[PDB]
Amino acid sequence: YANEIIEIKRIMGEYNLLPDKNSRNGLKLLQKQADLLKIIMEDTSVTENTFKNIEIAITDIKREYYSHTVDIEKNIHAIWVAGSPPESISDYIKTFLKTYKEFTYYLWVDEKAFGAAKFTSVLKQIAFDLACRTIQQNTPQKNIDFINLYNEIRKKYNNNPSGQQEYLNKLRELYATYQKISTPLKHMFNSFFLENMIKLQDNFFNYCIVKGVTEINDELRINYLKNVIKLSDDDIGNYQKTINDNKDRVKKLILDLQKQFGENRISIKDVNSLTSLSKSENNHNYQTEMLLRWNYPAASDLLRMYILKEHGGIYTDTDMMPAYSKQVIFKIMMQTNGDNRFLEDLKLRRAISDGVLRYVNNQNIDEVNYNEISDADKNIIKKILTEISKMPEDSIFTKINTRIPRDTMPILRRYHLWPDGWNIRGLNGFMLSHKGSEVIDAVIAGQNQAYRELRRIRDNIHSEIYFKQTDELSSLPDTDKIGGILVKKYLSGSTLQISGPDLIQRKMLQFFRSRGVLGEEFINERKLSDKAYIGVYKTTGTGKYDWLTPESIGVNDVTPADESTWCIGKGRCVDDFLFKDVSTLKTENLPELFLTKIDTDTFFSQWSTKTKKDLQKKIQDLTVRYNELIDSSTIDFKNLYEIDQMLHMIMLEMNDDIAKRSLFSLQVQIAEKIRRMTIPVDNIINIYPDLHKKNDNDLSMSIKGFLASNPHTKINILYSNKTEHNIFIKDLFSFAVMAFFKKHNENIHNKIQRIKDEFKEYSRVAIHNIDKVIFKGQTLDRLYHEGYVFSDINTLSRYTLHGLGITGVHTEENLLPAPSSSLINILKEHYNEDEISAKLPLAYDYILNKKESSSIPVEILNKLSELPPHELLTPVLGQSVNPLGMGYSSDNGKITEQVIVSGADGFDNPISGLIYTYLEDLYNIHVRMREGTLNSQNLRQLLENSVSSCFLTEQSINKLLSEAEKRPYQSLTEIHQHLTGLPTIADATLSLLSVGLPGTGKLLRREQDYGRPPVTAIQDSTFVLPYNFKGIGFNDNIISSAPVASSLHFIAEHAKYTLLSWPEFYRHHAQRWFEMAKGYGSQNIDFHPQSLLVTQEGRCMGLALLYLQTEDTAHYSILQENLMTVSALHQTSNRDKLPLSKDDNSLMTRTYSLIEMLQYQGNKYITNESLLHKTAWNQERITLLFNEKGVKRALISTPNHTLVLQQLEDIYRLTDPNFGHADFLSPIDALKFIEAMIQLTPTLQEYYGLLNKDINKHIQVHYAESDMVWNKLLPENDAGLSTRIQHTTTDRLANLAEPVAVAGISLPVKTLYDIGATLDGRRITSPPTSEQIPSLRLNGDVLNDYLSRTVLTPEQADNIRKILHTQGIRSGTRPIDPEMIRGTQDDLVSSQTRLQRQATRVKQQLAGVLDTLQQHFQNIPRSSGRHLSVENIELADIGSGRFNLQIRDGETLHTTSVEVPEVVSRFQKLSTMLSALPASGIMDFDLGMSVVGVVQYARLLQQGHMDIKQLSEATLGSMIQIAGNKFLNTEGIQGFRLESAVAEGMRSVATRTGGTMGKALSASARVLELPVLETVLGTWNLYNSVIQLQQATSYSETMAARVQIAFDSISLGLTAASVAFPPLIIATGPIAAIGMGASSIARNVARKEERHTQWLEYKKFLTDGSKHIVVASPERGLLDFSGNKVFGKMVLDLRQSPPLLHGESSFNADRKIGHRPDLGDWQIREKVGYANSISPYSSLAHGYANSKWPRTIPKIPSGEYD
């Protein structure tokens, strides 16, 4: 306790050295003393004498602390409410003046807000009309009678301005009608009303910003009203009449009051003469309160706090009188003979108060209202008043104590005898305080926070509107209840309070709790004790309160004009309402509510002729670009900068005001768009710990919490060893001025090592040294080398590391994930809102660790242990920031730097470059300051070419120079503060951005003073500070607004598909998908499979939400094309491991970040029943929803997958991300197709998670009550995915028409990019200059991949070989043998293309086969060594692909079970085709090519011969050979070679089926027969030796590469060498095969078999003819139609850049009905009538009488064909 006693001594000694102990500093010192003494009490010492001594000392400190009391000022304050009658106020004012002789009465009057009631009423009318219109015209399911009646009575008023009381009565009746409306409609009404009123207030504040006004008066309000709507002179006359009436009433009342009493005794104080009114921290909340209030006859809650803070004294309402003296109560008790009914019930007390007030004011006592009072009570009250009237006027009332403790605000406490008992509570209608009290400041801050949280409904874009929160009197101003109260007040005209007594009590309790031990007497069971109030009555009787000797003297609040009598007795005035027909609304002047494009025909309507002639042409040049910027789904900052700069220039170059207002409306639209377009945040958290605390418990808790919150979140712990060394050196220098190195190094090393080994098993936690990744020329490196030690080094390091590409969240505090709604709900069972915050640390300790606390019930522990940790904590995923790039945490509305949330990788980050340049400038100023060489000239020169020059004012330069002279060595933050005057670098971000955004940035900065959130402030906080568990957001509460947990789909350890084998799933099911979609009536089926997510974790929610967002066919097509492009890019990047250009990588990262965020949001939304309705799969209910309930979108959720049903235009489109989309005319058809697709296919059913399950209870449909909800949840910033087509590098390079001269040959830039030409380690994105050409290198992997899928001409191969021989292969990539770069003639291009396609298919199938084999081998009880060795391979079942093998594990382990029906079926089909070929010359070229490639792969696997992976590959080869031998060796010859047999079969096929196909088959057979080529063997050996071993990729990729090598070796037989200068012209066309026509198959059809088998043969012929109508090779400019057989009357038009193909497809026909393509299978069956209507779909004839061959006309790729 040397860390307690010494500071106790010094704080005591400082307490002596206080000339005036009656001050806040003395109170703080005493608080510190008592806190340290209580900390000493917490020790384990058991000495009772010590306990007594310390408690006596604490009592002494408390007694000394309470000895400091302040005498309040002799001021009595009251607020005059507009429209108040002066007769009911003068009596109470006179009573208070008479009772308080030595007091000054001040009546606060706001002369500028006399007519604000009519302005507020007009705004409310506009807001309610807008809400009604939004409800009506967006609810097409049914009409609402309430809106119709509202419009009818408004139209009835439109003809009778004269009488309005009838209108208010009709509105009351209409509210009685409205009470019966449905609950969701009520919630929507409340939300829309509140949001519209807030938006109108924002519009008024924006108008104030335009006009540049400093104060707000009634003239400005009238001008704004004329701006928004049309005001006749009668409305202005009524406004002025009510203003004059209020002025005259106030003047007459004050004159009458000053005639009797003194002139200076009572006076009028102007409300506008208040400092707090113009304070920027108050956000002009006084003006907002005039609109969002429902207790209009009462006074302002903020104004009384302002008055008490700035002046001090007593505030009282104008309906209260001083408390009765002892004599009065005494006489009442004797006159009532001891009955307590006359001192407790409201009616008799009110009558007695009326009598006393009448008697004191020299009025008629007999005229007291004795209503609802019995006659005997009337007589006894009369005699009581008669006895009282004999008393002197100076003893009727008693004063109150004016001595209060320093920094305290006593609050009046009331006792009301309700029929159910007592209703003790505090009232803000009578308060006491002195000037400058701290508790008033705390209450004001609480009120500001309350208004901030109330504005959350409008400020938060992603705010849910269907959230029926329970009634709990929570601190959050529940928007639903407040909106309902406001609607009731607007309609009816007659609880919760954002700044009422409840908030005052809560803030006072918080202040007293933060006081410490001295505040313990103010706390009474976590509430406010009796010492915090006045008028407290002690209950001497069992329950009755002794009305004789109260603890404190209060005030008689039961008066004839109190809150309970003015509701009925005082009718609503007619001077606080102004009826206006909203139909004349000017929607172009309201950018906050209406998004209006600039229309040149009507934009310049009210402009002056001079301004029109000046700048109409200039503005008309902005219409297209401005509209594109407004309607875009992404932000292009260059266009935004240009448009904003020139709009600002035009604005500054004007003299008119209407045109200025229109341009400001455009700027406001720009600002709103900037606000609304948020971007995702990477799922990364970076913590910069302070290694000087010796307590890593908080850091470990933070790491554990962020680990448990999500299993994908990366955690980076970043520390600087150089900073620790500099700190140690500075400490050594200080110790010297005022062994060790080894000790400090060991200490730091052991701390870091402990942190590292605590989370060693977690790969997501990485501890990194900052100095290891820092550029040498960077500012941070120079600061490290200069011994920078200042505290802001960590903030500068955070900024630098973000600038280095480390995205995510950067913070220094030990942040903890915020609790989710489930955890708060669990804790709420036996806790209140004020105890959950204190109990949260225990729950967090029990969740992350496994510590059990005795202070928490075991039920809580049991309920928490049953839920996953990720369901109770909020992860970093799903967060978002402003489009500017960076976000900051807030503290009481001011942005801080505790948490920095920095965008997502791939998105534009304008703030990052500004911060980088600003830090460079600050470092330059620092180095100039250090050497004392900083004056004005070099200061201006340093920022001469810098954005930060905007801060160079004369006073800023003077301050910088003065501080440099005073202290040459200053921190960078201090330099920035001196230069700019802003507290933090975060504040300077908007100022820096305003240089490039002169108008929008200035407007956004100005709007901060009117309550709008800062543009760089994060609102939804997913983090909490460890010490208090308080959120770091702007307007959020972590307890009453906790986020909903997200449903995480648990996946298997092994996935069914990888990226290599993923297309097999689509290929196996695409035909069935199309057939069954067409059979159910779909007239448009489109295919666009996704290759982005190969694992069903997340259930494809992101893609489903992306497709659901689009509301049009054009946007749908754009999004589908963009998703296909991104899928291709992802396949190239990940499956092939090929480098990508910067733009393509950025696009992929943006798309993946959006997909992850959207999938998280969708999984969150589906599990929350309050947002989206959820129903089980029922076709009738879904049809009713889509037909009667006005539902246009829905999410069909299988346990593993998600589908989308939409209502684009008039069609109903169903989207399956894995396949594509098909649209139907009616919803029932789509639902039937969905159900059929789910049930019919077993593999698809198992993959989707519905295997052996009832789908009527395992399929859920998610929809919204209204279509607005989707617009609210789905983000607006789509990165341009659904509005514009994103072009890759190849697409842009294809537009260039100039070639590049490389190695003496000119080739296009696109071709150079395709072959992998890398410049300076990057793939070329632009035509390289002649200087950079010698530095060009060819990427081996890219070149190999290009050669894999390209059929070059011999000249192209020659050119590629020349380029390779001149430039070479980039080091570290795949070497390429020049002899492998060959070309083919025109007649073999189709064969080469089919061979390459077969190679791809075989690779994809063998990848899955190898994965299955590896899983089988891993399922074996292995011990050690190379024991796994297959002993025999044979296929027992030829019809199913079952192989039996034995393993020489050494323990005799045998598992003879593996299903490989892929290799077996290929050879089965080959044998069948070979045997049946002599009967009819029908063969499959693709099947033969695939068989040849597989055989060659096995043969290459033979030569050049042991872990599980290579064993599996060798086993696959062995099974290939075994299947080939079984299905090809008819006779058991020992000297049997599979290659020879396959070659002989191919030669037989080629001889019997001649032509170019026969030539290709002969070439492949010859390749198989001959020994492997030297080049092929060299390539195989080089790969297997160096390239596979060097890379760490999976074995599947290596196997696929080997298969590709084998297929390339097969492909070498179809190539030919170039011929130079051919002397003679030869024939270069393909040769037709024997049996092209349909007579060949018809010859075998004539064999007497089943008729349906003959039709199957005919259909096979038709499908083969339609499969290969066109083969396009735009690289060579070749079009191949030789495979066309069933596309008649073909017309090829090469005039257009994409050639047009037209023709007639072969079709099915029926004898009676003919060909009817427009009908589905069921309609065709009904027409023909060949079956029953209840027959299964499998019993029908699919494709009958409605089939076409080909299905659709093929599309020729764009190119130049010769």
# chains A, B, ... in the order shown; residues from 1 in each chain; ligands from 1

call {"tool": "residues_around", "arguments": {"residues": "region 1570-1572 of chain A", "least_positions_apart": "6", "cutoff": "10 Å", "atoms": "only C-alpha atoms", "output": "PyMOL selection string"}}
result
chain A and resi 1496+1499-1500+1539-1540+1543+1578+1609-1610

call {"tool": "write_last_selection", "arguments": {"atoms": "N, CA and C atoms", "output": "short mmCIF file (atom, residue, chain, number, x, y, z; two decimals), in the first residue's frame"}}
result
data_model
loop_
_atom_site.label_atom_id
_atom_site.label_comp_id
_atom_site.auth_asym_id
_atom_site.auth_seq_id
_atom_site.Cartn_x
_atom_site.Cartn_y
_atom_site.Cartn_z
N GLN A 1496 -3.19 -42.43 -71.93
CA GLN A 1496 -1.88 -41.80 -71.98
C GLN A 1496 -1.44 -41.32 -70.60
N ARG A 1499 -0.27 -44.37 -68.77
CA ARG A 1499 1.01 -44.81 -69.31
C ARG A 1499 2.15 -43.93 -68.81
N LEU A 1500 1.94 -42.61 -68.78
CA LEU A 1500 2.95 -41.71 -68.24
C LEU A 1500 3.13 -41.92 -66.74
N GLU A 1539 -2.46 -49.52 -74.27
CA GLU A 1539 -2.24 -48.52 -75.30
C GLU A 1539 -2.40 -49.11 -76.69
N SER A 1540 -1.85 -50.30 -76.92
CA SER A 1540 -1.96 -50.93 -78.23
C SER A 1540 -3.40 -51.26 -78.57
N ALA A 1543 -5.26 -48.04 -79.36
CA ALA A 1543 -4.83 -47.54 -80.66
C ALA A 1543 -5.44 -48.37 -81.79
N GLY A 1578 10.53 -35.09 -71.04
CA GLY A 1578 11.29 -34.06 -70.35
C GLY A 1578 10.41 -33.11 -69.57
N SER A 1609 0.29 -33.82 -74.60
CA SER A 1609 1.06 -34.78 -75.37
C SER A 1609 0.20 -35.44 -76.44
N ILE A 1610 -1.04 -35.78 -76.09
CA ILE A 1610 -1.97 -36.31 -77.09
C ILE A 1610 -2.23 -35.27 -78.18
#

call {"tool": "residues_around", "arguments": {"residues": "region 1217-1228 of chain A", "least_positions_apart": "5", "cutoff": "10 Å", "atoms": "only C-alpha atoms", "output": "PyMOL selection string"}}
result
chain A and resi 1063+1065-1067+1069-1070+1073-1074+1077-1078+1080-1094+1100-1101+1103-1104+1107+1120+1179-1180+1182-1187+1201-1208+1210-1212+1233-1234

call {"tool": "residues_around", "arguments": {"residues": "residue 128 (chain A)", "least_positions_apart": "2", "cutoff": "10 Å", "atoms": "only C-alpha atoms", "output": "count of residues only"}}
result
21

call {"tool": "atom_distance", "arguments": {"atom1": "CA of residue 1486 (chain A)", "atom2": "CA of residue 1561 (chain A)"}}
result
10.5 Å

call {"tool": "select_by_dssp", "arguments": {"residues": "region 514-608 of chain A", "states": "strand (DSSP E)", "output": "JSON, numbers by chain"}}
result
{"A": [523, 524, 527, 528, 533, 534, 555, 556]}

call {"tool": "write_last_selection", "arguments": {"atoms": "N, CA and C atoms", "output": "PDB file, in the first residue's frame"}}
result
ATOM      1  N   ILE A 523     -27.434   7.715  -2.583  1.00  0.00           N
ATOM      2  CA  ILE A 523     -27.860   6.475  -3.222  1.00  0.00           C
ATOM      3  C   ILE A 523     -28.581   5.621  -2.188  1.00  0.00           C
ATOM      4  N   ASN A 524     -29.765   5.132  -2.556  1.00  0.00           N
ATOM      5  CA  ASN A 524     -30.600   4.333  -1.657  1.00  0.00           C
ATOM      6  C   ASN A 524     -31.142   3.159  -2.469  1.00  0.00           C
ATOM      7  N   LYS A 527     -30.933   3.699  -6.214  1.00  0.00           N
ATOM      8  CA  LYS A 527     -31.793   4.804  -6.610  1.00  0.00           C
ATOM      9  C   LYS A 527     -31.371   6.063  -5.862  1.00  0.00           C
ATOM     10  N   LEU A 528     -32.090   7.152  -6.113  1.00  0.00           N
ATOM     11  CA  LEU A 528     -31.797   8.419  -5.460  1.00  0.00           C
ATOM     12  C   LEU A 528     -32.431   8.448  -4.075  1.00  0.00           C
ATOM     13  N   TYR A 533     -33.871  15.021  -2.866  1.00  0.00           N
ATOM     14  CA  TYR A 533     -35.152  15.655  -3.134  1.00  0.00           C
ATOM     15  C   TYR A 533     -35.468  16.698  -2.071  1.00  0.00           C
ATOM     16  N   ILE A 534     -36.565  17.419  -2.301  1.00  0.00           N
ATOM     17  CA  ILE A 534     -37.137  18.332  -1.325  1.00  0.00           C
ATOM     18  C   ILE A 534     -38.622  18.021  -1.210  1.00  0.00           C
ATOM     19  N   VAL A 555     -43.333  22.173  -1.964  1.00  0.00           N
ATOM     20  CA  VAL A 555     -44.209  23.149  -2.603  1.00  0.00           C
ATOM     21  C   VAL A 555     -45.539  22.470  -2.900  1.00  0.00           C
ATOM     22  N   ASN A 556     -46.629  23.209  -2.705  1.00  0.00           N
ATOM     23  CA  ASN A 556     -47.974  22.695  -2.957  1.00  0.00           C
ATOM     24  C   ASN A 556     -48.201  22.657  -4.463  1.00  0.00           C
TER      25      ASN A 556
END

call {"tool": "residues_around", "arguments": {"residues": "residue 1118 (chain A)", "least_positions_apart": "5", "cutoff": "9 Å", "atoms": "only C-alpha atoms", "output": "ChimeraX atom specification"}}
result
/A:1113,1123,1281-1285

call {"tool": "residues_around", "arguments": {"residues": "region 571-574 of chain A", "least_positions_apart": "5", "cutoff": "12 Å", "atoms": "only C-alpha atoms", "output": "PDB file with N, CA, C and O atoms, in the first residue's frame"}}
result
ATOM      1  N   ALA A  82     -46.422  30.208 -24.786  1.00  0.00           N
ATOM      2  CA  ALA A  82     -47.225  30.990 -25.716  1.00  0.00           C
ATOM      3  C   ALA A  82     -48.688  30.566 -25.659  1.00  0.00           C
ATOM      4  O   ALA A  82     -49.010  29.376 -25.651  1.00  0.00           O
ATOM      5  N   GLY A  83     -49.576  31.558 -25.619  1.00  0.00           N
ATOM      6  CA  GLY A  83     -50.999  31.314 -25.529  1.00  0.00           C
ATOM      7  C   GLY A  83     -51.545  31.178 -24.125  1.00  0.00           C
ATOM      8  O   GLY A  83     -52.752  30.955 -23.968  1.00  0.00           O
ATOM      9  N   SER A  84     -50.705  31.302 -23.106  1.00  0.00           N
ATOM     10  CA  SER A  84     -51.172  31.164 -21.732  1.00  0.00           C
ATOM     11  C   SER A  84     -52.008  32.377 -21.336  1.00  0.00           C
ATOM     12  O   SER A  84     -51.592  33.515 -21.580  1.00  0.00           O
ATOM     13  N   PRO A  85     -53.177  32.182 -20.734  1.00  0.00           N
ATOM     14  CA  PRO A  85     -53.962  33.320 -20.246  1.00  0.00           C
ATOM     15  C   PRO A  85     -53.296  33.955 -19.039  1.00  0.00           C
ATOM     16  O   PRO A  85     -52.814  33.248 -18.140  1.00  0.00           O
ATOM     17  N   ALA A 117     -45.886  27.887 -33.012  1.00  0.00           N
ATOM     18  CA  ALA A 117     -46.882  26.824 -32.925  1.00  0.00           C
ATOM     19  C   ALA A 117     -47.525  26.550 -34.279  1.00  0.00           C
ATOM     20  O   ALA A 117     -47.706  25.390 -34.663  1.00  0.00           O
ATOM     21  N   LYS A 118     -47.873  27.604 -35.021  1.00  0.00           N
ATOM     22  CA  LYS A 118     -48.470  27.415 -36.339  1.00  0.00           C
ATOM     23  C   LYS A 118     -47.473  26.801 -37.316  1.00  0.00           C
ATOM     24  O   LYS A 118     -47.840  25.957 -38.141  1.00  0.00           O
ATOM     25  N   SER A 121     -47.314  23.190 -36.493  1.00  0.00           N
ATOM     26  CA  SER A 121     -48.532  22.521 -36.944  1.00  0.00           C
ATOM     27  C   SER A 121     -48.509  22.278 -38.448  1.00  0.00           C
ATOM     28  O   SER A 121     -48.911  21.206 -38.917  1.00  0.00           O
ATOM     29  N   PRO A 161     -62.490  27.641 -44.237  1.00  0.00           N
ATOM     30  CA  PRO A 161     -61.494  28.176 -43.300  1.00  0.00           C
ATOM     31  C   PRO A 161     -62.095  28.718 -42.014  1.00  0.00           C
ATOM     32  O   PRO A 161     -61.398  28.751 -40.994  1.00  0.00           O
ATOM     33  N   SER A 162     -63.361  29.150 -42.036  1.00  0.00           N
ATOM     34  CA  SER A 162     -63.930  29.946 -40.952  1.00  0.00           C
ATOM     35  C   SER A 162     -63.960  29.202 -39.620  1.00  0.00           C
ATOM     36  O   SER A 162     -63.608  29.759 -38.575  1.00  0.00           O
ATOM     37  N   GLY A 163     -64.390  27.944 -39.638  1.00  0.00           N
ATOM     38  CA  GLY A 163     -64.520  27.143 -38.435  1.00  0.00           C
ATOM     39  C   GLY A 163     -63.555  25.968 -38.459  1.00  0.00           C
ATOM     40  O   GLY A 163     -63.508  25.211 -39.431  1.00  0.00           O
ATOM     41  N   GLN A 164     -62.791  25.830 -37.374  1.00  0.00           N
ATOM     42  CA  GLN A 164     -61.838  24.742 -37.237  1.00  0.00           C
ATOM     43  C   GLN A 164     -62.136  23.815 -36.067  1.00  0.00           C
ATOM     44  O   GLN A 164     -61.612  22.696 -36.041  1.00  0.00           O
ATOM     45  N   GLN A 165     -62.955  24.242 -35.102  1.00  0.00           N
ATOM     46  CA  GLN A 165     -63.314  23.355 -34.000  1.00  0.00           C
ATOM     47  C   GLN A 165     -64.046  22.121 -34.509  1.00  0.00           C
ATOM     48  O   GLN A 165     -63.850  21.013 -33.993  1.00  0.00           O
ATOM     49  N   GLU A 166     -64.890  22.294 -35.529  1.00  0.00           N
ATOM     50  CA  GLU A 166     -65.517  21.145 -36.170  1.00  0.00           C
ATOM     51  C   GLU A 166     -64.467  20.217 -36.763  1.00  0.00           C
ATOM     52  O   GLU A 166     -64.592  18.991 -36.677  1.00  0.00           O
ATOM     53  N   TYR A 167     -63.423  20.787 -37.369  1.00  0.00           N
ATOM     54  CA  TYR A 167     -62.357  19.969 -37.935  1.00  0.00           C
ATOM     55  C   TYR A 167     -61.625  19.180 -36.857  1.00  0.00           C
ATOM     56  O   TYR A 167     -61.311  18.002 -37.051  1.00  0.00           O
ATOM     57  N   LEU A 168     -61.332  19.813 -35.719  1.00  0.00           N
ATOM     58  CA  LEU A 168     -60.656  19.093 -34.641  1.00  0.00           C
ATOM     59  C   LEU A 168     -61.544  17.999 -34.055  1.00  0.00           C
ATOM     60  O   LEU A 168     -61.058  16.909 -33.727  1.00  0.00           O
ATOM     61  N   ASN A 169     -62.845  18.263 -33.916  1.00  0.00           N
ATOM     62  CA  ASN A 169     -63.751  17.219 -33.440  1.00  0.00           C
ATOM     63  C   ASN A 169     -63.816  16.054 -34.423  1.00  0.00           C
ATOM     64  O   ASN A 169     -63.794  14.883 -34.018  1.00  0.00           O
ATOM     65  N   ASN A 238     -52.926  35.545 -40.086  1.00  0.00           N
ATOM     66  CA  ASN A 238     -53.171  34.780 -38.866  1.00  0.00           C
ATOM     67  C   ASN A 238     -51.899  34.636 -38.038  1.00  0.00           C
ATOM     68  O   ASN A 238     -51.933  34.736 -36.803  1.00  0.00           O
ATOM     69  N   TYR A 239     -50.770  34.382 -38.704  1.00  0.00           N
ATOM     70  CA  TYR A 239     -49.487  34.292 -38.012  1.00  0.00           C
ATOM     71  C   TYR A 239     -49.181  35.584 -37.261  1.00  0.00           C
ATOM     72  O   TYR A 239     -48.862  35.568 -36.063  1.00  0.00           O
ATOM     73  N   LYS A 241     -51.300  37.892 -36.408  1.00  0.00           N
ATOM     74  CA  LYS A 241     -52.310  38.109 -35.381  1.00  0.00           C
ATOM     75  C   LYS A 241     -51.969  37.356 -34.104  1.00  0.00           C
ATOM     76  O   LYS A 241     -52.082  37.907 -33.005  1.00  0.00           O
ATOM     77  N   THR A 242     -51.541  36.097 -34.226  1.00  0.00           N
ATOM     78  CA  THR A 242     -51.192  35.345 -33.024  1.00  0.00           C
ATOM     79  C   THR A 242     -49.924  35.900 -32.378  1.00  0.00           C
ATOM     80  O   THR A 242     -49.821  35.950 -31.143  1.00  0.00           O
ATOM     81  N   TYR A 296     -47.448  20.197 -25.088  1.00  0.00           N
ATOM     82  CA  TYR A 296     -47.348  21.607 -25.464  1.00  0.00           C
ATOM     83  C   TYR A 296     -47.718  22.596 -24.361  1.00  0.00           C
ATOM     84  O   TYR A 296     -46.989  23.590 -24.205  1.00  0.00           O
ATOM     85  N   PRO A 297     -48.796  22.421 -23.589  1.00  0.00           N
ATOM     86  CA  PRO A 297     -49.088  23.403 -22.530  1.00  0.00           C
ATOM     87  C   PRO A 297     -47.998  23.513 -21.477  1.00  0.00           C
ATOM     88  O   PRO A 297     -47.933  24.533 -20.781  1.00  0.00           O
ATOM     89  N   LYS A 489     -51.324  12.468 -30.403  1.00  0.00           N
ATOM     90  CA  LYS A 489     -51.445  13.892 -30.108  1.00  0.00           C
ATOM     91  C   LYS A 489     -51.863  14.681 -31.343  1.00  0.00           C
ATOM     92  O   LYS A 489     -52.670  15.612 -31.247  1.00  0.00           O
ATOM     93  N   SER A 492     -55.837  13.066 -32.036  1.00  0.00           N
ATOM     94  CA  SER A 492     -56.790  13.339 -30.964  1.00  0.00           C
ATOM     95  C   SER A 492     -56.658  14.769 -30.453  1.00  0.00           C
ATOM     96  O   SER A 492     -57.660  15.472 -30.282  1.00  0.00           O
ATOM     97  N   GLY A 493     -55.432  15.219 -30.206  1.00  0.00           N
ATOM     98  CA  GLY A 493     -55.196  16.551 -29.693  1.00  0.00           C
ATOM     99  C   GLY A 493     -54.925  16.632 -28.207  1.00  0.00           C
ATOM    100  O   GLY A 493     -54.763  17.743 -27.686  1.00  0.00           O
ATOM    101  N   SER A 494     -54.870  15.502 -27.510  1.00  0.00           N
ATOM    102  CA  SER A 494     -54.612  15.500 -26.075  1.00  0.00           C
ATOM    103  C   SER A 494     -53.389  14.653 -25.739  1.00  0.00           C
ATOM    104  O   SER A 494     -53.506  13.465 -25.442  1.00  0.00           O
ATOM    105  N   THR A 565     -56.127  19.546 -14.538  1.00  0.00           N
ATOM    106  CA  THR A 565     -57.334  20.335 -14.741  1.00  0.00           C
ATOM    107  C   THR A 565     -57.368  21.123 -16.042  1.00  0.00           C
ATOM    108  O   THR A 565     -58.450  21.582 -16.426  1.00  0.00           O
ATOM    109  N   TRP A 566     -56.241  21.297 -16.725  1.00  0.00           N
ATOM    110  CA  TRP A 566     -56.221  22.065 -17.963  1.00  0.00           C
ATOM    111  C   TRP A 566     -56.525  21.222 -19.196  1.00  0.00           C
ATOM    112  O   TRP A 566     -56.631  21.776 -20.294  1.00  0.00           O
ATOM    113  N   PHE A 579     -54.364  25.533 -40.713  1.00  0.00           N
ATOM    114  CA  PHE A 579     -54.679  24.564 -41.754  1.00  0.00           C
ATOM    115  C   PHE A 579     -54.067  24.997 -43.079  1.00  0.00           C
ATOM    116  O   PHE A 579     -54.234  26.142 -43.510  1.00  0.00           O
TER     117      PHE A 579
END

call {"tool": "residues_around", "arguments": {"residues": "residue 1617 (chain A)", "least_positions_apart": "6", "cutoff": "8 Å", "atoms": "only C-alpha atoms", "output": "list in words"}}
result
residues 1354, 1382, 1383 and 1384 of chain A

call {"tool": "atom_distance", "arguments": {"atom1": "CA of residue 69 (chain A)", "atom2": "CA of residue 313 (chain A)"}}
result
14.0 Å

call {"tool": "select_by_dssp", "arguments": {"residues": "region 783-1008 of chain A", "states": "helix (DSSP H, G or I)", "output": "VMD selection string"}}
result
chain A and resid 783 to 785 793 to 803 821 to 830 833 to 848 858 to 865 869 to 871 910 to 930 936 to 942 947 to 951 954 to 966 972 to 980 987 to 996 1000 to 1008

call {"tool": "closest_residue", "arguments": {"among": "A:1704, A:1411, A:642, A:1209", "to": "residue 1060 (chain A)", "atoms": "only C-alpha atoms"}}
result
A:1411
